[PDB]
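Listed next as structure tokens is one chain, alone, in the form deposited in one PDB entry.
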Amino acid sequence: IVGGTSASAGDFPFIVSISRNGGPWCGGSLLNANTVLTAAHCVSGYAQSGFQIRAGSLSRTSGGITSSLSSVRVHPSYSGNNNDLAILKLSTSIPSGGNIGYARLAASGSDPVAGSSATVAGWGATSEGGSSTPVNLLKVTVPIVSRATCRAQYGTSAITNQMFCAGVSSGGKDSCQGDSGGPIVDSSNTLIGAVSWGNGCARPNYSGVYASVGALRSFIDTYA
């Protein structure tokens, strides 16, 4: 996260860190006791055993409850950046309670409205290309950017109905490398997306692009 502040305990009861090979990698959202939602690109085709999920902590490396993966399923229409969601099943069930809880999802067919305020969180880099990453979870609030403006930035084909965008014209507030798969929420803390892609991090006039939960509810609901 670029331009962020430290998340408080219980800000995102459902957020998980996704370590790979023991190191930082992605974020995700706990949907129920054995299921995590993340970005497809975080997991597609990689060795599943390399991943470890942790819930209930502001750190990636201690606290809360861990699990390995039992299975990975990417969206059936995943291609390039499009439809960038995956359902992970957990080898160890994780109970709600305390600072762990399960996400509530954006309604099927909803689309975040330009100008509304979204909050994204993760353990990723604090500058584009940064090597070091924070121990504790960061968050940042950015407005939704219309799909039309986002298509002006990236091209028409590049931004689909299964993506939405968020950021500020001046840049300086965004998700970055290592934040992929983690949550973006609306002002009510309803999960509206997963961190997906963008042109660098926090650049002027290049929004962050997010996989849209409201657009992708059939997949999520079927396999969660």
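Throughout, we count residues from 1 along the sequence that is shown. Note that the rigid core is defined as the largest set of C-alphas that superpose within 1.5 Å between two forms.
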Open item on the list: Core-aligned, RMS over all structures and residues: is 125-133 or 140-148 the stretch with the greater C-alpha displacement in 8 other deposited structures of this protein?
Closed with: 125-133
- [ ] Tell me, please, which of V36, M163, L69, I184 has the highest C-alpha B factor according to the deposited entry?
- [x] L69
Open item on the list: Given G28, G193, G64, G45, identify the residue with the highest C-alpha B factor in the PDB entry.
Closed with: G64
Open item on the list: Sorting by Cα B-factor within the chain, modelled residues only, which third would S180 end up in: lowest, middle or highest?
Closed with: lowest
TODO: Using the B-factor values recorded in the entry, state whether the Cα atom of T156 falls in the lowest, middle or highest third among the modelled residues of its chain.
DONE: highest
Open item on the list: Split into thirds by Cα B-factor across the chain's modelled residues, where does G98 land: lowest, middle or highest?
Closed with: highest
TODO: Tell me, lowest, middle or highest third: where does the Cα B factor of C201 rank within its chain?
DONE: highest
Task: Cα B factor band for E128 (lowest, middle or highest third within the chain) - done: highest
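Below, we turn to the form deposited with a partner chain bound, even though it does not appear here.
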Open item on the list: So its partner chain isn't shown here. In the entry with it bound, which residue out of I184, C26, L37, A55 has a non-hydrogen atom within 4.5 Å of it?
Closed with: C26
Open item on the list: Based on heavy atom distances of 4.5 Å or less, which listed stretch (29-37, 157-165, 63-71, 185-193) is in contact with its partner chain in the entry with it bound?
Closed with: 157-165
Open item on the list: When the contact criterion is heavy atoms within 4.5 Å, does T119 count as touching its partner chain in the entry with it bound?
Closed with: no
Open item on the list: So in the entry with it bound, is its partner chain close enough to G200 to count as touching (4.5 Å, heavy atoms)?
Closed with: yes
Task: 4.5 Å heavy atom contact, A114 and its partner chain in the entry with it bound - done: no
Open item on the list: Is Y206 part of the interface with its partner chain in the entry with it bound - any heavy atom within 4.5 Å?
Closed with: yes
Open item on the list: Let me test this: is every residue among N21, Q153 and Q177 within 4.5 Å of its partner chain in the entry with it bound, going by heavy atom positions?
Closed with: yes
